[PDB]
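One chain is shown next in structure tokens, namely the form deposited in one PDB entry.
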């Protein structure tokens, strides 16, 4: 069981950061969304457009998937996204990310019926 001391540190300590930062977004979000367990997911993109807009990409332009599958689609317009890229100094379990605010077209793999995004392939 997690020690009471460790629980206090988890719930109540943030010595190394503050709210006023913008650069800590990826560190917190990758943690929040469970992509830092077992290993640090090296690269991950968050999209800030509506879910409806992102879902709509599956009905937009067919493009090549980076993995050679044929289920990828590119957004008709640029989208507000944040790229989270693991830094050189990052070392599990202390997963460190550079937060980059970007506006680019996204490419998603789609699957299911209705076809919805299942994989974030790239931004272009």
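C-alpha atoms forming the largest set that superposes within 1.5 Å between two forms make up the rigid core. Residue numbers count along the first chain shown, from 1. Only residues modelled in both forms are compared.
The following text describes the form deposited in another entry, which does not appear among the structures shown.
Query raised in the report: Does residue 100 show a Cα shift reaching 2 Å between the shown form and the other one after rigid-core superposition?
Result: After core superposition, the displacement of the residue 100 C-alpha between the shown form and the other one stays below 2 Å, so no.
Report task. For residue 114, state whether the C-alpha moves by 2 Å or more between the shown form and the other one after rigid core superposition. Result -> Superposed on the core, residue 114 moves its C-alpha 2 Å or more between the shown form and the other one.
**Report entry** Closer or farther: C-alpha pair residue 46/residue 9 in the other form, relative to this form, given a change of 3 Å or more
**Finding:** Closer: residue 46 and residue 9 approach by 3 Å or more in the other form.
Report task. Just say closer or farther for the C-alpha distance from residue 8 to residue 30 in the other form, relative to the shown form; it changes by 3 Å or more. Result -> Relative to the shown form, the pair is closer.
Query - Residue ranges moving between the shown form and the other one (criterion: at least three consecutive CA positions shifted 2 angstroms or more, core aligned) - result: Moving stretches, in sequence order: 1-14, 113-124.
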